[PDB]
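What the coordinates show
Listed below, chain by chain, are the residues.
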Amino acid sequence: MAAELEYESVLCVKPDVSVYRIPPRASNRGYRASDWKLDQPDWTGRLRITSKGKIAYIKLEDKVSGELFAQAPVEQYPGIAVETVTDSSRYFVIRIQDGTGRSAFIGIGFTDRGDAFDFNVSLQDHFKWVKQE
């Protein structure tokens, strides 16, 4: 049906997810959403991540069909740049890096925390081992 050979790949996906777009800038470490705010840059579509073997790459588009299509390749090493609302608001942000110099910052959230949780916790389940393999 699908299980035949195991490999190093998270296999994270999500047909229903929302993400924000903000200039790749940062003069510090601690974010400030409560003061940053954002209601314009926030496209909706499908987001997922995977890894061939020695490296990884995140693919995004639309679970339905989309159009443009894009992705963000990762070196599968400089894993970092992930945080949430320092002052507590109602969303979260995630970023990635590759080669130790190229990293993109974007926000991820949903009209509800319950759903946005299952999605986030899903990508992790595949990454680090805790609840399953």
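Refer to the structure presented above.
Details of the sheet that holds strand β8 (residues 102-109)
Read from one edge to the other, the open sheet built from five strands follows the order β2-β1-β8-β7-β6, with strand pairing classed as antiparallel. One side of each edge strand has no neighbouring strand; the edge strands of this open sheet are β2 (43-45) and β6 (82-84). Recorded for the sheet is a direction-independent mean angle of 30° between the axes of neighbouring strands. Relative to strand β7 (residues 92-98), β6 runs antiparallel, the two sharing three bridges. Directly across from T84, in β7, lies its bridge partner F92.

Regarding the pattern of salt bridges
Between side chains of opposite charge, a pair can form as their charged atoms come close. For the coordinates displayed, the defined rule picks out two salt bridges. The closest approach of N and O atoms between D35 and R32, which form a salt bridge, is 3.4 Å. Each member of the pair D35 and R32 is classed as exposed. Close ionic contact of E61 with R46 constitutes a salt bridge, the shortest N to O distance being 3.5 Å. Within this pair, whereas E61 is found in the loop between β4 (56-60) and β5 (70-74), its partner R46 is found in the loop between β2 and β3 (47-50), the two being separated by 15 residues in sequence. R46 gets classed as buried once you look at its relative accessible area, which sits at 12%.

Focus on a negative patch on the surface
Where like charges cluster on the molecular surface, the negative patch consists of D16, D112, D115 and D118. Looking at the element boundaries, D118 is found in helix α2 (residues 113-127). Given a relative accessible area of 45%, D118 falls into the partly exposed group.

Notes on the packing of aromatic side chains
Under the counting rule described, the total for this entry stands at five aromatic pairs. Among the aromatic residues, ring-to-ring pairing joins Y20, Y31, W36, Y91 and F105 into one connected group.

What to know about unusual backbone geometry
Here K37, not a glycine, exhibits a phi torsion of approximately 60°, which is positive. Tracing the backbone through its elements, the reader meets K37 in the loop between α1 (33-36) and β2. Positive phi, close to 80°, is recorded for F69, a residue that is not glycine. Looking at where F69 falls in the secondary structure, it is placed in the loop between β4 and β5.

Some details on the sheet that holds β3
Strand order in the open sheet made by the three strands is β3-β4-β5, with antiparallel pairing throughout. Every interior strand has two partners, whereas the edge strands, β3 and β5, have only one. On average, adjacent strands in this sheet sit at an angle of 15° to one another, irrespective of strand direction. Direction of pairing for β4 relative to β5: antiparallel, over a ladder of five bridges. Bridge assignment links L60 to a residue of β5, and that residue is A70.

Focus on the nonpolar core
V17, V19, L47, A56, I58, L60, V74, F92, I108, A116 and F119 form the largest nonpolar core, which has 11 residues in total. Only β1 (17-21), β4 and α2 provide two or more residues apiece to this core. Leave out the neighbours within four places in its chain, and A116 touches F92 and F110. With nine residues, the next largest nonpolar core counts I22, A33, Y91 and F105 among its residues.

Definitions and limits used
Residues numbered from 1 in each chain as written, not as in the entry; some residues may be left out. Heavy atoms only, no water. Pairing = 2+ DSSP bridges. Helix = DSSP H or I, 4+ residues; strand = E, 2+ residues; numbered from the N terminus. Axes fitted to C-alpha atoms, helices over the stretch in contact; angles between N-to-C directions. Salt bridge = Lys/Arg side-chain N within 4 Å of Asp/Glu carboxyl O. Buried < 20%, exposed > 50% of the residue type's maximum accessible area, 1.4 Å probe, protein only. Patch = residues over 30% accessible without salt bridge, like charges linked within 9 Å, V, L, I, M, F, W, Y side chains within 5 Å. Areas by Shrake-Rupley, 256 points an atom, 1.4 Å probe, with all protein chains shown as cover. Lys, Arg positive; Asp, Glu negative; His and termini not counted. Charge placed at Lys NZ, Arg CZ, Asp CG, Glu CD. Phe/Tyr/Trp six-rings, centres within 6.5 Å; stacked < 30°, edge-to-face > 60°. Core = buried A, V, L, I, M, F, W, Y, C linked by side-chain atoms within 4.5 Å. Contact = heavy atoms within 4.5 Å.

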